[PDB]
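One structure is given here, and the rest of the page talks about it.
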Amino acid sequence: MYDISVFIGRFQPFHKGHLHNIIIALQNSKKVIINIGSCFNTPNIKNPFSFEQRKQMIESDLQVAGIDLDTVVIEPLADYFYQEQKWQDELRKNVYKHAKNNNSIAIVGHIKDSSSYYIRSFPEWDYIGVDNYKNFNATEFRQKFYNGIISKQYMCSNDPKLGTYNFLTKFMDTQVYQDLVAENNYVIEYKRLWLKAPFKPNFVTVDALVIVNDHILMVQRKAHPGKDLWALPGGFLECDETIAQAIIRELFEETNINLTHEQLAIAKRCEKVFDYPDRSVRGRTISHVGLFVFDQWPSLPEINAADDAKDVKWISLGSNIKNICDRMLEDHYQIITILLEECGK
Amino acid sequence: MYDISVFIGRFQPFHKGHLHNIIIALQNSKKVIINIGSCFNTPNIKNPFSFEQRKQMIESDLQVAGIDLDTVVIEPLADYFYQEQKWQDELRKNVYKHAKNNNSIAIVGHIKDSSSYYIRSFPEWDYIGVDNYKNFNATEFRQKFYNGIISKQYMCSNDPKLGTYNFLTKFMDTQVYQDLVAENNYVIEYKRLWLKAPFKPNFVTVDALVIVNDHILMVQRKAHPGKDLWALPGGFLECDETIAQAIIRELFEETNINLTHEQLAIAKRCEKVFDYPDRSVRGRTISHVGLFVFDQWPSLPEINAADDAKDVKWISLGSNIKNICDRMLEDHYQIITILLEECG
Ligand SMILES: [Cl-]
Ligand SMILES: [Cl-]
Ligand SMILES: [Cl-]
Ligand SMILES: [Mg+2]
Ligand SMILES: [Mg+2]
Ligand SMILES: [Mg+2]
Ligand SMILES: [Mg+2]
Ligand SMILES: [Mg+2]
Ligand SMILES: [Mg+2]
């Protein structure tokens with residue numbers, strides 16, 4: 001009846017529940033646009049699979065199901081935890097890439113949660129609730145998967161040679177899988193330490209974004225989480241320092257930048273708080289990030305990695321940053337984007 | 001030697017250590033200017049005594065020393081944890097009041113971590129460093145004090161009818177003393193829970209500064225710390241909400257303010273972070289405070305105190321706020337001043 005339905009999910013991984021909702025969508029529309037959220041990020045335990053991997057998984061399960069792939073299109077969405085309007089527009093762009101001169105368009109979202117959000121943000125499309133009487137727990141799936149087990153009742157395919165089932169079987173023979181398991185164990189041990197604390201803690205960290213001649217200073221991580229990923233230099237706030245002091249302390253600690261306090265104090269543009277509750281796999285971590293801008297500087301200050309940085313580099317803006325946009329810790333690509341727009345550049 | 005020596009301290013309480021520094025100062029100079037830090041706040045466990053009480057104690061201890069009091073001058077300083085220039089301007093105000101006929105001026109520094117700050121902040125003046133005798137610990141003294149014990153070695157006077165000894169002896173019979181002991185026991189028991197855990201945890205709180213028709217919304221506190229003090233509505237950030245969400249949640253839980261979420265979102269001017277390490281006695285607590293301004297409204301919205309607020313009130317800017325400046329929780333008077341100045 002509608003020309004286009006719009007379906008949004010993370011699909012980490014795709015499972016029977018996602019499938020049911022796509023079946024409902026197609027009983028109500030001729031074509032379903034599948035938008036995959038949280039694309040263009042490096043693998044982490046919550047988001048182990050890339051856009052292309054998830055897209056391939058979905059296609060293989062829809063064929064198992066077997067839904068005609070001409071009735072299905074798949075598009076990526078980046079994370080915009082702090083810029084909802086960019087996400088809203090990015091979704092629109094995905095749809096109108098496929099929608100034609102006054103196609104009817106409906107979002108086949110969720111009668112329970114998030115419905116309110118889509119209704120308000122997309123008044124111009126209709127809404128179809130589906131929800132959602134079977135509890136397909138994405139976290140529970142991954143936890144067993146990190147323990148070597150693929151939960152069959154989630155899998156569209158019952159044959160390990162096919163579908164997402166097949167993808168996951170092969171994926172367990174990879175180095176990335178081994179890295180995910182290592183990160184996961186790190187996270188389990190970390191959380192265990194905090195079990196008999198009277199309250200769940202909100203952790204506080206700091207980062208420094210240092211721009212010198214359109215080059216960003218980035219460290220390559222030694223430790224979990226985000227082992228081997230690139231990140232802004234930063235770390236935990238200690239109990240006896242101000243945030244402003246911490247930002248500078250961690251910067252020197254990890255990069256040994258050849259600049260003085262006063263030079264950085266002159267260069268400081270702003271601090272911003274990043275508080276999206278799921279930004280970090282460790283627990284609830286809030287980051288305060290200072291922007292420091294140096295223009296027409298005589299050269300790039302000397303730097304060398306130490307403490308929890310195993311490498312450190314100046315990285316020119318434009319192509320070299322965009323290039324590692326999916327090799328960055330947590331939400332740092334978003335943080336860099338926002339500070340350069342709001343306080344930069 | 002110097003016309004003028006400058007002495008800065010908390011003096012919670014004045015002790016033997018302070019007395020000798022001033023004596024050294026009185027041979028190295030003609031007149032001492034004593035600047036008492038952290039004045040104009042409510043009593044709390046780290047700052048149990050007011051300006052007037054500390055001054056009194058100082059004077060009476062000095063007569064028992066038995067130092068001339070034309071030699072000695074005492075002035076207050078407020079806290080400005082987030083505006084150090086203001087702090088420096090009031091110190092300079094204090095000194096300039098007593099020293100403007102080109103006098104020689106030196107700062108005599110009896111605190112060790114503050115020495116560098118003073119050297120950097122006041123180069124117009126000389127700095128005389130005094131590494132004191134034994135360790136007269138203010139915290140230890142206060143803790144023994146909240147356990148019924150005056151440490152006799154700290155005291156200047158040996159007679160409980162003279163000096164700060166007399167003052168403190170008498171103070172133990174007061175309601176303020178009981179309030180502090182009660183605040184102290186809460187904190188000790190609070191910290192007890194919290195060593196249960198891998199790392200010293202920074203706490204994260206939120207507050208809301210809501211102004212309507214030039215009135216600020218304030219809560220009187222049901223619970224420790226700062227029981228019965230006036231405060232911005234606020235409390236602990238929950239793990240599953242954003243800061244902006246939490247600010248509004250605590251505001252509604254504590255005041256039941258009759259405005260919608262959307263009205264508050266439209267009124268919202270900014271959000272600032274206050275992160276002075278010793279702002280709260282509980283442990284290290286960073287607060288994010290949202291400012292909400294309704295330049296005008298038909299009336300002051302209905303408010304009803306709930307949860308950890310025992311009363312709630314619209315208090316008008318200017319004199320009504322200034323008259324409770326020393327009945328506010330922690331750094332809230334500073335927070336209010338800053339948000340109005342810069343956000344604003
Ligand atoms: Cl997980
Ligand atoms: Cl760190
Ligand atoms: Cl609370
Ligand atoms: Mg670090
Ligand atoms: Mg570090
Ligand atoms: Mg660190
Ligand atoms: Mg509260
Ligand atoms: Mg509360
Ligand atoms: Mg609360």
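Labels for the structure tokens follow display order: chains A, B, ..., residues from 1 in each chain, ligands from 1.
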task: Name the residues, by chain letter and number, that sit within 12 Å of ligand 8 using only C-alpha atoms and all ligand atoms, and give them as number ranges by chain.
output: B: 205-208, 219-224, 231-238, 246-256, 305-310
Using only N, CA and C atoms, please write the residues we just selected to a file, as a compact mmCIF listing (two decimals), in the first residue's frame.
```txt
# COMPACT_ATOMS: atom_id res chain seq x y z
N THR B 205 27.02 15.57 39.85
CA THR B 205 25.73 16.07 40.22
C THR B 205 25.31 17.10 39.18
N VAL B 206 24.04 17.51 39.27
CA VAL B 206 23.43 18.56 38.45
C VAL B 206 22.68 19.49 39.39
N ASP B 207 22.50 20.74 38.97
CA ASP B 207 21.68 21.73 39.65
C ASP B 207 20.97 22.56 38.57
N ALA B 208 19.91 23.25 38.96
CA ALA B 208 19.17 24.11 38.04
C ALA B 208 19.04 25.43 38.71
N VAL B 219 15.89 25.66 47.20
CA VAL B 219 15.42 24.54 47.98
C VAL B 219 16.11 24.63 49.35
N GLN B 220 15.40 24.32 50.42
CA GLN B 220 16.07 24.13 51.69
C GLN B 220 16.25 22.64 51.91
N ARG B 221 17.43 22.28 52.41
CA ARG B 221 17.90 20.91 52.38
C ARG B 221 17.43 20.08 53.57
N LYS B 222 16.83 18.93 53.25
CA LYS B 222 16.32 18.01 54.25
C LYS B 222 17.45 17.17 54.86
N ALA B 223 18.53 16.97 54.11
CA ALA B 223 19.53 15.96 54.41
C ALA B 223 20.93 16.54 54.39
N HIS B 224 21.87 15.76 54.94
CA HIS B 224 23.31 16.04 54.86
C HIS B 224 23.82 15.80 53.45
N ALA B 231 19.71 25.98 48.74
CA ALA B 231 20.47 25.46 47.63
C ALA B 231 19.62 25.50 46.37
N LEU B 232 20.31 25.54 45.23
CA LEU B 232 19.71 25.22 43.94
C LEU B 232 19.15 23.79 43.97
N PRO B 233 17.99 23.59 43.34
CA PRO B 233 17.50 22.23 43.26
C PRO B 233 18.44 21.41 42.41
N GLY B 234 18.77 20.22 42.89
CA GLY B 234 19.69 19.36 42.15
C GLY B 234 20.07 18.14 42.97
N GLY B 235 20.86 17.25 42.36
CA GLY B 235 21.33 16.03 43.00
C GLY B 235 22.10 15.21 41.99
N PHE B 236 22.18 13.90 42.24
CA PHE B 236 23.11 13.02 41.52
C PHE B 236 22.64 12.70 40.13
N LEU B 237 23.56 12.73 39.18
CA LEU B 237 23.32 12.24 37.83
C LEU B 237 23.15 10.70 37.81
N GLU B 238 22.12 10.23 37.13
CA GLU B 238 21.89 8.80 36.95
C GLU B 238 22.60 8.29 35.67
N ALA B 246 18.90 15.10 33.52
CA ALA B 246 19.02 15.02 34.98
C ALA B 246 18.72 16.34 35.66
N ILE B 247 19.19 17.43 35.04
CA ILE B 247 18.98 18.79 35.58
C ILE B 247 17.46 19.01 35.79
N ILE B 248 16.67 18.63 34.80
CA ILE B 248 15.23 18.85 34.76
C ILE B 248 14.57 17.86 35.72
N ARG B 249 15.07 16.62 35.78
CA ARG B 249 14.50 15.59 36.62
C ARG B 249 14.62 15.97 38.10
N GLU B 250 15.80 16.39 38.54
CA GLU B 250 15.97 16.81 39.94
C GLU B 250 15.17 18.04 40.23
N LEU B 251 15.17 18.98 39.29
CA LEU B 251 14.33 20.15 39.47
C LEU B 251 12.84 19.77 39.73
N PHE B 252 12.26 18.89 38.91
CA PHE B 252 10.85 18.50 39.10
C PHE B 252 10.64 17.68 40.38
N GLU B 253 11.50 16.68 40.64
CA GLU B 253 11.46 15.91 41.88
C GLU B 253 11.53 16.74 43.14
N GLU B 254 12.34 17.79 43.15
CA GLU B 254 12.54 18.54 44.40
C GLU B 254 11.58 19.73 44.59
N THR B 255 11.08 20.29 43.49
CA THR B 255 10.29 21.52 43.60
C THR B 255 8.89 21.39 43.00
N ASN B 256 8.67 20.35 42.20
CA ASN B 256 7.37 20.20 41.54
C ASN B 256 6.95 21.46 40.80
N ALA B 305 7.60 21.45 47.77
CA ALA B 305 8.85 20.74 48.13
C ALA B 305 8.61 19.24 48.22
N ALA B 306 9.55 18.42 47.72
CA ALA B 306 9.44 16.96 47.83
C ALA B 306 10.82 16.33 47.91
N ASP B 307 10.85 15.03 48.23
CA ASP B 307 12.09 14.25 48.27
C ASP B 307 13.11 14.91 49.20
N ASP B 308 14.33 15.17 48.73
CA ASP B 308 15.35 15.70 49.65
C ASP B 308 15.26 17.22 49.91
N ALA B 309 14.21 17.86 49.40
CA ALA B 309 13.96 19.26 49.75
C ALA B 309 12.88 19.35 50.83
N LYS B 310 13.13 20.08 51.92
CA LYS B 310 12.12 20.22 52.97
C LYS B 310 11.30 21.49 52.86
```
field: strand (DSSP E or B) call set, DSSP backbone run, stretch 91-228 of chain B, as number ranges by chain
entry: B: 105-109, 126-129, 203-212, 215-221
- request: Determine which residues of stretch 161-211 of chain A DSSP labels as helix (DSSP H, G or I) from the backbone of this structure, then write them out as a PyMOL selection string.
  value: chain A and resi 163-171+175-192
Output file for the residues above (N, CA, C and O atoms, as a compact mmCIF listing (two decimals), in the first residue's frame):
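Dumped everything to again34.txt:
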```txt
# COMPACT_ATOMS: atom_id res chain seq x y z
N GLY A 163 23.66 -17.80 5.67
CA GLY A 163 23.14 -16.66 6.37
C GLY A 163 24.13 -16.04 7.34
O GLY A 163 25.33 -16.32 7.29
N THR A 164 23.59 -15.20 8.21
CA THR A 164 24.34 -14.62 9.30
C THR A 164 25.03 -15.71 10.10
O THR A 164 26.19 -15.54 10.47
N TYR A 165 24.32 -16.83 10.33
CA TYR A 165 24.89 -18.03 10.99
C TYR A 165 26.27 -18.39 10.40
O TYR A 165 27.25 -18.58 11.14
N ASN A 166 26.37 -18.41 9.07
CA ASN A 166 27.62 -18.74 8.38
C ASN A 166 28.68 -17.67 8.57
O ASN A 166 29.83 -17.98 8.88
N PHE A 167 28.28 -16.42 8.39
CA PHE A 167 29.18 -15.29 8.62
C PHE A 167 29.84 -15.31 10.02
O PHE A 167 31.05 -15.13 10.13
N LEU A 168 29.03 -15.56 11.06
CA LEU A 168 29.50 -15.59 12.45
C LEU A 168 30.42 -16.77 12.72
O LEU A 168 31.41 -16.63 13.43
N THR A 169 30.11 -17.93 12.13
CA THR A 169 30.96 -19.13 12.23
C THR A 169 32.38 -18.86 11.72
O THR A 169 33.37 -19.21 12.37
N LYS A 170 32.47 -18.23 10.55
CA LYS A 170 33.76 -17.90 9.96
C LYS A 170 34.44 -16.77 10.71
O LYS A 170 35.66 -16.78 10.88
N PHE A 171 33.65 -15.82 11.19
CA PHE A 171 34.17 -14.66 11.88
C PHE A 171 34.93 -15.06 13.16
O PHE A 171 35.87 -14.38 13.59
N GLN A 175 41.18 -12.69 13.58
CA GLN A 175 41.96 -11.92 14.56
C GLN A 175 41.08 -10.86 15.23
O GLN A 175 41.17 -10.65 16.45
N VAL A 176 40.24 -10.19 14.42
CA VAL A 176 39.25 -9.24 14.96
C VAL A 176 38.38 -9.87 16.07
O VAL A 176 38.18 -9.27 17.12
N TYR A 177 37.91 -11.10 15.83
CA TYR A 177 37.10 -11.79 16.83
C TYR A 177 37.88 -11.94 18.13
O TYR A 177 37.36 -11.60 19.21
N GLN A 178 39.12 -12.44 18.00
CA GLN A 178 40.06 -12.52 19.13
C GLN A 178 40.28 -11.17 19.83
O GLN A 178 40.39 -11.13 21.05
N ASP A 179 40.37 -10.07 19.07
CA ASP A 179 40.46 -8.72 19.67
C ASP A 179 39.19 -8.33 20.40
O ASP A 179 39.25 -7.72 21.47
N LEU A 180 38.05 -8.71 19.84
CA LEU A 180 36.77 -8.42 20.50
C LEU A 180 36.64 -9.15 21.83
O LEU A 180 36.22 -8.56 22.82
N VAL A 181 37.01 -10.42 21.83
CA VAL A 181 37.01 -11.27 23.05
C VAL A 181 37.93 -10.68 24.14
O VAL A 181 37.54 -10.58 25.30
N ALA A 182 39.13 -10.23 23.74
CA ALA A 182 40.08 -9.57 24.65
C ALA A 182 39.50 -8.32 25.26
O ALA A 182 39.61 -8.12 26.46
N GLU A 183 38.85 -7.49 24.43
CA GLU A 183 38.15 -6.28 24.91
C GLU A 183 37.02 -6.65 25.84
O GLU A 183 36.86 -6.04 26.92
N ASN A 184 36.21 -7.62 25.44
CA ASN A 184 35.12 -8.07 26.28
C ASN A 184 35.58 -8.52 27.69
O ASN A 184 34.99 -8.11 28.70
N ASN A 185 36.60 -9.38 27.75
CA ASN A 185 37.16 -9.83 29.05
C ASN A 185 37.64 -8.65 29.90
O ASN A 185 37.35 -8.60 31.12
N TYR A 186 38.35 -7.71 29.26
CA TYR A 186 38.72 -6.46 29.91
C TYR A 186 37.51 -5.77 30.50
O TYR A 186 37.54 -5.35 31.66
N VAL A 187 36.43 -5.65 29.74
CA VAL A 187 35.24 -4.99 30.24
C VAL A 187 34.54 -5.74 31.39
O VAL A 187 34.09 -5.12 32.36
N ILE A 188 34.40 -7.05 31.27
CA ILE A 188 33.84 -7.86 32.35
C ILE A 188 34.67 -7.68 33.68
O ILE A 188 34.13 -7.49 34.77
N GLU A 189 35.98 -7.75 33.57
CA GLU A 189 36.83 -7.62 34.75
C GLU A 189 36.67 -6.20 35.35
O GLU A 189 36.48 -6.04 36.56
N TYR A 190 36.69 -5.18 34.50
CA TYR A 190 36.49 -3.81 34.94
C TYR A 190 35.18 -3.59 35.70
O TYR A 190 35.16 -3.00 36.76
N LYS A 191 34.08 -4.06 35.14
CA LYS A 191 32.78 -3.91 35.77
C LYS A 191 32.70 -4.67 37.09
O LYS A 191 32.02 -4.22 38.02
N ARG A 192 33.36 -5.83 37.16
CA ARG A 192 33.34 -6.70 38.35
C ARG A 192 33.93 -5.98 39.57
O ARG A 192 33.37 -6.03 40.66
```
- prompt: Suppose you want the space between atom CA of residue A:82 and atom CA of residue A:273; what is it in Å?
  reply: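 Between these atoms lies a distance of 10.3 Å.
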Interface, chain B side, toward chain A (10 Å; only C-alpha atoms) as a compact mmCIF listing (two decimals) with N, CA and C atoms, in the first residue's frame:
```
# COMPACT_ATOMS: atom_id res chain seq x y z
N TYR B 190 29.50 8.02 55.27
CA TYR B 190 29.35 8.10 53.83
C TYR B 190 30.60 7.58 53.14
N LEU B 193 31.13 3.44 53.22
CA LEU B 193 30.64 2.83 51.99
C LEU B 193 31.67 2.94 50.85
N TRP B 194 32.21 4.13 50.62
CA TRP B 194 32.86 4.41 49.33
C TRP B 194 34.29 3.95 49.08
N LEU B 195 35.01 3.63 50.15
CA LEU B 195 36.28 2.91 50.03
C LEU B 195 36.04 1.49 49.47
N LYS B 196 34.77 1.08 49.36
CA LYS B 196 34.37 -0.27 48.89
C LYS B 196 34.69 -0.57 47.41
N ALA B 197 35.74 0.07 46.90
CA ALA B 197 35.80 0.30 45.47
C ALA B 197 37.16 0.75 44.94
N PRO B 198 37.48 0.27 43.73
CA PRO B 198 38.79 0.27 43.08
C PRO B 198 39.57 1.60 43.02
N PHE B 199 38.85 2.73 42.93
CA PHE B 199 39.44 4.05 42.70
C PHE B 199 38.60 5.10 43.39
N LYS B 200 39.24 6.18 43.85
CA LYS B 200 38.53 7.36 44.43
C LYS B 200 37.55 7.94 43.41
N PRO B 201 36.25 7.86 43.72
CA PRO B 201 35.30 8.21 42.68
C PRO B 201 34.88 9.68 42.77
N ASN B 202 35.21 10.45 41.75
CA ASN B 202 34.51 11.71 41.45
C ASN B 202 32.98 11.48 41.38
N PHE B 203 32.23 12.29 42.10
CA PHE B 203 30.80 12.28 41.99
C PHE B 203 30.37 13.34 40.99
N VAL B 204 29.29 13.04 40.27
CA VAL B 204 28.69 13.94 39.26
C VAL B 204 27.25 14.28 39.65
N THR B 205 27.02 15.57 39.85
CA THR B 205 25.73 16.07 40.22
C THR B 205 25.31 17.10 39.18
N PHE B 236 22.18 13.90 42.24
CA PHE B 236 23.11 13.02 41.52
C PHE B 236 22.64 12.70 40.13
N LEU B 237 23.56 12.73 39.18
CA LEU B 237 23.32 12.24 37.83
C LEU B 237 23.15 10.70 37.81
N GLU B 238 22.12 10.23 37.13
CA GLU B 238 21.89 8.80 36.95
C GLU B 238 22.60 8.29 35.67
N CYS B 239 22.98 7.01 35.71
CA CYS B 239 23.83 6.41 34.68
C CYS B 239 23.17 6.31 33.32
N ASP B 240 21.86 6.45 33.28
CA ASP B 240 21.17 6.21 32.04
C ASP B 240 20.46 7.44 31.46
N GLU B 241 20.82 8.62 31.95
CA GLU B 241 20.21 9.86 31.47
C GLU B 241 21.35 10.82 31.09
N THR B 242 21.08 11.72 30.16
CA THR B 242 22.05 12.78 29.87
C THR B 242 22.03 13.81 31.03
N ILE B 243 23.08 14.62 31.11
CA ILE B 243 23.13 15.71 32.10
C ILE B 243 21.92 16.65 31.98
N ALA B 244 21.59 17.03 30.73
CA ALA B 244 20.47 17.95 30.49
C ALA B 244 19.16 17.35 30.99
N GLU B 271 24.66 25.89 30.38
CA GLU B 271 25.00 24.89 31.35
C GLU B 271 26.49 25.09 31.66
N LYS B 272 26.85 25.33 32.92
CA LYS B 272 28.29 25.42 33.31
C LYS B 272 28.69 24.35 34.31
N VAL B 273 29.98 24.03 34.29
CA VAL B 273 30.60 23.00 35.11
C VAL B 273 31.34 23.65 36.31
N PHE B 274 31.13 23.12 37.51
CA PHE B 274 31.84 23.63 38.67
C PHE B 274 32.52 22.46 39.30
N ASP B 275 33.85 22.57 39.39
CA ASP B 275 34.73 21.45 39.60
C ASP B 275 35.85 21.76 40.60
N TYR B 276 35.71 22.82 41.39
CA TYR B 276 36.62 23.02 42.52
C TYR B 276 36.71 21.72 43.39
N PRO B 277 37.91 21.14 43.52
CA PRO B 277 38.08 19.83 44.21
C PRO B 277 37.51 19.72 45.63
N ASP B 278 37.59 20.77 46.45
CA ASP B 278 37.01 20.71 47.78
C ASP B 278 35.68 21.42 47.96
N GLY B 283 33.23 14.21 49.34
CA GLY B 283 34.19 13.63 48.39
C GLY B 283 34.15 14.57 47.19
N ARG B 284 34.88 14.23 46.14
CA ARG B 284 35.02 15.12 45.00
C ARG B 284 33.80 15.06 44.12
N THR B 285 33.10 16.20 44.07
CA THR B 285 31.79 16.33 43.41
C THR B 285 31.87 17.49 42.40
N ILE B 286 31.61 17.15 41.16
CA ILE B 286 31.56 18.09 40.06
C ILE B 286 30.11 18.28 39.77
N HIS B 288 27.18 20.06 37.18
CA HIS B 288 26.78 20.78 35.98
C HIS B 288 25.44 21.50 36.25
```
Tell me which protein, DNA and RNA residues are within 7 Å of residue B:7, counting only C-alpha atoms, leaving out same-chain ones fewer than 2 positions away, and put them as a PDB file with C-alpha atoms, in the first residue's frame.
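The file below, result09.pdb, is the result:
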```
ATOM      1  CA  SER B   5      53.492  41.950  56.528  1.00  0.00           C
ATOM      2  CA  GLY B   9      44.835  31.827  56.556  1.00  0.00           C
ATOM      3  CA  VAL B  32      50.667  42.601  60.321  1.00  0.00           C
ATOM      4  CA  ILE B  33      47.502  42.436  58.150  1.00  0.00           C
ATOM      5  CA  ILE B  34      45.660  39.177  58.812  1.00  0.00           C
ATOM      6  CA  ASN B  35      43.344  38.118  56.000  1.00  0.00           C
ATOM      7  CA  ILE B 107      53.598  38.254  52.322  1.00  0.00           C
ATOM      8  CA  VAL B 108      54.569  35.860  55.108  1.00  0.00           C
TER       9      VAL B 108
END
```
Using only C-alpha atoms and all ligand atoms, which residues have at least one atom no more than 8 Å from ligand 1? Output them as a PDB file with C-alpha atoms, in the first residue's frame.
```pdb
ATOM      1  CA  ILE A  45      32.216  -5.238  21.614  1.00  0.00           C
ATOM      2  CA  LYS A  46      28.815  -3.489  21.213  1.00  0.00           C
ATOM      3  CA  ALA A 138      21.296  -8.141  21.443  1.00  0.00           C
ATOM      4  CA  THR A 139      23.715  -7.924  24.464  1.00  0.00           C
ATOM      5  CA  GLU A 140      22.943 -11.468  25.545  1.00  0.00           C
ATOM      6  CA  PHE A 141      23.611 -12.660  22.015  1.00  0.00           C
ATOM      7  CA  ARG A 142      27.078 -11.068  21.837  1.00  0.00           C
ATOM      8  CA  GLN A 143      28.087 -12.191  25.321  1.00  0.00           C
ATOM      9  CA  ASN A 184      35.123  -8.073  26.279  1.00  0.00           C
TER      10      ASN A 184
END
```
For residue B:130: contacts at 12 Å, only C-alpha atoms, fewer than 3 positions along chain excluded, given as a ChimeraX atom specification: /B:7,17-18,20-25,28,107-112,114-115,127,133
task: Return as a ChimeraX atom specification the residues of protein, DNA or RNA that approach ligand 4 to within 10 Å, with only C-alpha atoms and all ligand atoms taken into account.
output: /A:205-207,219,221-223,231-237,250-251,253-254,306-309
- request: Measure the distance from atom CA of residue B:129 to atom CA of residue B:1 in Å and round it to one decimal.
  value: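 Calculated distance between atom CA of residue B:129 and atom CA of residue B:1 is 15.5 Å.
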- prompt: Smallest atom-to-atom distance to residue B:229: which of B:215, B:327, B:120, B:97, using only C-alpha atoms?
  reply: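 The shortest atom-to-atom distance to residue B:229 comes from B:327.
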message: Using Å and a single decimal, report how far atom 1 (Mg, counted along the ligand's line) of ligand 9 sits from atom CA of residue B:280.
response: 16.1 Å
query: Could you name the residues that touch residue B:344 at 9 Å or less, counting only C-alpha atoms, but leaving out those on the same chain fewer than 2 positions away, as number ranges by chain?
result: B: 269-270, 291, 293, 338-342
Could you write out that same residue set with C-alpha atoms as a tab-separated table (two decimals), in the first residue's frame?
```
chain	number	residue	atom	x	y	z
B	269	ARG	CA	20.36	29.75	28.51
B	270	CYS	CA	23.43	27.60	29.22
B	291	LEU	CA	20.49	28.31	33.78
B	293	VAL	CA	15.46	32.43	32.58
B	338	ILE	CA	28.81	33.42	37.93
B	339	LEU	CA	25.74	32.21	35.95
B	340	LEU	CA	24.07	35.65	36.22
B	341	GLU	CA	27.29	37.41	35.15
B	342	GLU	CA	28.17	35.25	32.18
```
Contacts of residue A:267 at 7 Å (only C-alpha atoms; same-chain gap of 2+ positions) as number ranges by chain: A: 263-265, 269, 292-294
Write out, as a PDB file, in the first residue's frame, the residues just selected, with C-alpha atoms.
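Wrote it out as result12.pdb, contents follow:
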```pdb
ATOM      1  CA  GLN A 263      51.291  28.674  25.098  1.00  0.00           C
ATOM      2  CA  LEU A 264      48.407  26.222  25.534  1.00  0.00           C
ATOM      3  CA  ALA A 265      46.464  28.658  27.782  1.00  0.00           C
ATOM      4  CA  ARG A 269      39.322  28.004  22.514  1.00  0.00           C
ATOM      5  CA  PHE A 292      43.569  24.286  21.532  1.00  0.00           C
ATOM      6  CA  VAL A 293      44.248  26.036  18.234  1.00  0.00           C
ATOM      7  CA  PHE A 294      47.665  27.126  16.890  1.00  0.00           C
TER       8      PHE A 294
END
```
field: Selection: 7 Å around residue A:108, only C-alpha atoms, excl. self and same-chain fewer than 6 positions, as a PyMOL selection string
entry: chain A and resi 5-7+25+127-130
